[PDB]
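Presented below is the structure to which this report refers.
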Amino acid sequence: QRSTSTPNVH
Amino acid sequence: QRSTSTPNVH
Amino acid sequence: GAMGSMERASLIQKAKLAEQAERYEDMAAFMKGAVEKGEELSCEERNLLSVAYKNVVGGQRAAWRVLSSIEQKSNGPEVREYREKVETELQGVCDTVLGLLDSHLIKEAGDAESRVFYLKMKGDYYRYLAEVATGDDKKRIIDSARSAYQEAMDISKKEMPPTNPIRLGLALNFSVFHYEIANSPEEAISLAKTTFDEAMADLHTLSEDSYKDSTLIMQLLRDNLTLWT
Amino acid sequence: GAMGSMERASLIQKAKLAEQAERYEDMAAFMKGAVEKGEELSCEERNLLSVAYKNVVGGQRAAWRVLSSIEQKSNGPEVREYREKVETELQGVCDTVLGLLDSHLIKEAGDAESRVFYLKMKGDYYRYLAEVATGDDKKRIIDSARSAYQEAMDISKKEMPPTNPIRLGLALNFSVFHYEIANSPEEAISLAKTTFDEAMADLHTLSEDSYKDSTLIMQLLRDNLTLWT
Ligand SMILES: *CC(=O)NCC1CCN(S(=O)(=O)c2ccc(Br)cc2)CC1
Ligand SMILES: *CC(=O)NCC1CCN(S(=O)(=O)c2ccc(Br)cc2)CC1
Ligand SMILES: [Cl-]
Ligand SMILES: [Cl-]
Ligand SMILES: [Cl-]
Ligand SMILES: [Cl-]
Ligand SMILES: [Mg+2]
Ligand SMILES: [Mg+2]
Ligand SMILES: [Mg+2]
Ligand SMILES: [Mg+2]
Ligand SMILES: [Mg+2]
Ligand SMILES: [Mg+2]
Ligand SMILES: [Mg+2]
Ligand SMILES: [Mg+2]
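One line per chain: the protein sequences are E, A, P and S, in this order.
According to the numbering used here, the first sequence holds residues -17 to -8 in order.
According to the numbering used here, the second sequence holds residues -17 to -8 in order.
According to the numbering used here, the third sequence holds residues -1 to 227 in order.
According to the numbering used here, the fourth sequence holds residues -1 to 227 in order.
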């Protein structure tokens, strides 16, 4: 389990 | 729905 | 080539790392280098070669179909231009596979497994070229595909049991050729139905080391028949 | 560049086709060409640029991590060599993004949205370089990342509401920097908790055209806090 950064959207 | 050909395995 | 200085065993080792990494262009490049060493490929290595190039060309086919759909639904030059760019790249990969097959892999020697698999592969990548062809190229590409598949079929019926996965996968792909490229739904349905029924009739020929692959293809044959009926 | 002869509007149009086709290298190349025309990017175009390069570098990061894990679990040169090859390609893409940011995109002018987004992007791609750095490069890369994030944070607190998605996404990524690159779990948890709580406190500032993006990041902030507690 790694830290979640900003994802891709839109 | 398209015809199914041989898939990738292994 | 770019892989010319690397040892064959290191090329194989790196193809397997690239597969684990889902770096399928790299994996294809490594396997091309392996093939160019001039020695025959084992069953495991033929799988690496197959998995790598199918993944590359698969992404290109999916892209081409998306762009082709946009192109026709809009019936500016941008969509046609970009569709042609992907198309040219796809043809370039198919030319590379077909060149490896003719320059290095297809031989009169070797066992029947290898000979059938390469002729099936030759049939497949001509079929991928035929999905995007139009004119005096298109007629001749379809014949080259049908020719390669047919020679593979003749050998496979003579040398392999009816559950053999190369035999099944070849017959599955020849039938998709019939239905989608040759527009012969009856010839497709006849091949698929016969192939499945003969596999069932000789179900006892399943091999301990490949029976999961065999039964997968048999199901895919059934799925295509349900689609086509 | 290779896109030099193509009209800016055609470049944007083809980036959007490439996105639909999931051809993210192409999409990144098209957006680079657009940026090199020298005009500012709209919000929609900044999204294309972001989506394209993040997809490219994301696949490279995932590959690098797979190979790095194999490399360390085996503790022949092949794994290290192939890991270095992917690593060099990743650094090359990060250098390309950072060069576009410094040569073209980051300015003293433009609104605060654009200025914060490019400084966050600069922080991100230095962070991606820092994931694979080691020595006299690694210390200085981490400072360049922290520096870019901090300037982005200062502007965002002064010019944007606490629910703004660039503000939130920046704060989420700065905190991942703290936890993963700077090894400061407390500084990470403090930033994430503060960011989420201030967003909640001023929940009424959600924008009609981006509230789905805002609430997504707020949840991702909560997920990271649960991981880190
Ligand atoms: C052992 C050998 O010669 N090669 C391994 C091959 C992998 C690819 N083919 S195939 O494309 O015919 C095929 C058949 C069935 C499945 Br589930 C997947 C691929 C088989 C032999
Ligand atoms: C309008 C504008 O300036 N650009 C669109 C940007 C897309 C990328 N960022 S972000 O990376 O900060 C982000 C935030 C939230 C999400 Br769900 C995804 C990406 C936002 C502005
Ligand atoms: Cl193009
Ligand atoms: Cl024969
Ligand atoms: Cl390598
Ligand atoms: Cl400011
Ligand atoms: Mg050589
Ligand atoms: Mg050698
Ligand atoms: Mg019209
Ligand atoms: Mg054309
Ligand atoms: Mg120019
Ligand atoms: Mg222009
Ligand atoms: Mg050991
Ligand atoms: Mg190194």
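Backbone N, C-alpha and C fix where the C-beta goes; we use that ideal spot for every residue, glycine too.
Whole-angstrom distance between residue j and residue i, CA atom to CA atom
i: P:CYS92; j: P:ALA128; result: 11 Å
i: P:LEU214; j: P:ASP200; result: 16 Å
i: P:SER142; j: P:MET25; result: 27 Å
i: S:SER173; j: S:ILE164; result: 14 Å
i: S:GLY57; j: S:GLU149; result: 28 Å
i: P:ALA190; j: S:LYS12; result: 41 Å
i: S:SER3; j: S:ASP152; result: 39 Å
i: P:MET198; j: P:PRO159; result: 11 Å
i: S:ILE68; j: S:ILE140; result: 25 Å
i: A:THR(-14); j: P:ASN171; result: 8 Å
i: P:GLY121; j: P:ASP100; result: 12 Å
i: S:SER8; j: S:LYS30; result: 13 Å
i: S:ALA19; j: P:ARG59; result: 10 Å
i: S:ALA180; j: S:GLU17; result: 34 Å
i: P:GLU157; j: P:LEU166; result: 13 Å
i: S:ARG144; j: S:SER72; result: 33 Å
i: S:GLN70; j: S:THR132; result: 15 Å
i: P:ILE10; j: S:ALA169; result: 44 Å
i: S:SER40; j: P:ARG44; result: 49 Å
i: P:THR227; j: S:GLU87; result: 49 Å
i: S:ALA146; j: S:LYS118; result: 7 Å
i: P:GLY90; j: P:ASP109; result: 29 Å
i: P:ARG81; j: P:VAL54; result: 17 Å
i: S:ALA27; j: S:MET1; result: 8 Å
i: S:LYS52; j: S:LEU46; result: 10 Å
i: P:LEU98; j: S:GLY74; result: 28 Å
i: S:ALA50; j: S:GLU23; result: 7 Å
i: S:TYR126; j: S:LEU225; result: 21 Å
i: P:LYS155; j: P:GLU196; result: 11 Å
i: A:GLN(-17); j: P:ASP221; result: 11 Å
i: P:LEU223; j: P:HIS176; result: 13 Å
i: S:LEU218; j: P:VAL95; result: 44 Å
i: S:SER188; j: P:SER66; result: 50 Å
i: E:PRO(-11); j: S:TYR209; result: 15 Å
i: S:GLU184; j: S:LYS136; result: 22 Å
i: residue 229 of chain S; j: P:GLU79; result: This structure does not reach residue 229 of chain S, given that chain S is present from -1 up to 227, and the question cannot be answered.
Partners in chain E for residue i, counting only beta-carbon separations shorter than 7 Å
i: S:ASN45; result: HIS(-8)
i: S:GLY167; result: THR(-12)
i: S:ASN181; result: Those do not exist, as S:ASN181 stays about 12 Å from chain E at its closest Cβ, beyond 7 Å.
i: S:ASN162; result: By Cβ distance, chain E contributes nothing, its closest Cβ being about 13 Å from S:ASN162, past 7 Å.
Cβ distance (whole Å) where residue i is taken to contact residue j below 8 Å
i: S:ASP211; j: E:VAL(-9); result: 6 Å
i: S:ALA32; j: S:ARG6; result: 6 Å
i: S:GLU34; j: S:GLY(-1); result: 6 Å
i: S:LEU103; j: S:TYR124; result: Incorrect: roughly 15 Å between the Cβ atoms, too far for contact.
i: S:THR193; j: S:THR161; result: S:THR193 to S:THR161, Cβ: 10 Å. No contact.
i: S:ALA61; j: P:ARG138; result: Between P:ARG138 and S:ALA61 the Cβ distance is about 39 Å, and since that is not below 8 Å, they are no contact.
Chain E residues whose Cβ lies nearer than 8 Å to that of residue i
i: S:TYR177; result: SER(-15)
i: S:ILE215; result: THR(-12)
Listed by chain order, chain S residues near residue i by CB distance under 8 Å
i: P:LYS12; result: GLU76, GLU79 and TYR80
Partners in chain A for residue i, counting only beta-carbon separations shorter than 8 Å
i: P:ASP221; result: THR(-14)
Cross-chain neighbours of residue i in chain E, by beta carbon under 9 Å
i: S:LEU225; result: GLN(-17), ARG(-16), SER(-15) and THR(-14)
i: S:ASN171; result: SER(-13) and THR(-12)
i: S:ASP211; result: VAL(-9) and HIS(-8)
i: S:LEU218; result: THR(-14), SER(-13), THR(-12) and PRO(-11)
Contact list for residue i against chain S, beta-carbon separation under 9 Å
i: P:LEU15; result: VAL64, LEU65, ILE68, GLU76, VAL77, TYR80 and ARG81
Residues that residue i contacts on chain P, provided the C-beta gap is smaller than 9 Å
i: S:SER8; result: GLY74, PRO75, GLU76 and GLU79
i: S:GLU20; result: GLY57, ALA60, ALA61 and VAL64
Listed by chain order, chain A residues near residue i by CB distance under 9 Å
i: P:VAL49; result: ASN(-10), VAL(-9) and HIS(-8)
Cross-chain neighbours of residue i in chain A, by beta carbon under 7 Å
i: P:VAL174; result: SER(-15) and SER(-13)
i: P:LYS52; result: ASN(-10)
Interface flag, residue i vs chain D, CB-CB below 8 Å
i: S:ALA0; result: Of the protein chains in this structure, namely E, A, P and S, none is chain D.
Can you list, in chain order, every residue whose CB sits closer than 5 Å to a heavy atom of ligand 6? S:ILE153 and S:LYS156
In chain order, what residues place their C-beta within less than 6 Å of a heavy atom belonging to ligand 12? S:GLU5, S:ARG6 and S:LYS35
Quick one: complete alpha helix (DSSP H) runs, 4+ long, within the region 39 to 80 of chain S? Listed in chain order, they are 41 to 71.
Specify which residues have a beta carbon nearer than 6 Å to any heavy atom of ligand 5, listing them in chain order. For ligand 5, the selected residues are P:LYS12, S:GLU79, S:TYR80 and S:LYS83.
4 or more residues per run - each alpha helix (DSSP H) lying fully within the region 107 to 159 of chain P: 110 to 129 and 134 to 157
Quiz: which residues have CB nearer than 7 Å to ligand 7 non-hydrogen atoms: P:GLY2 and P:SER3
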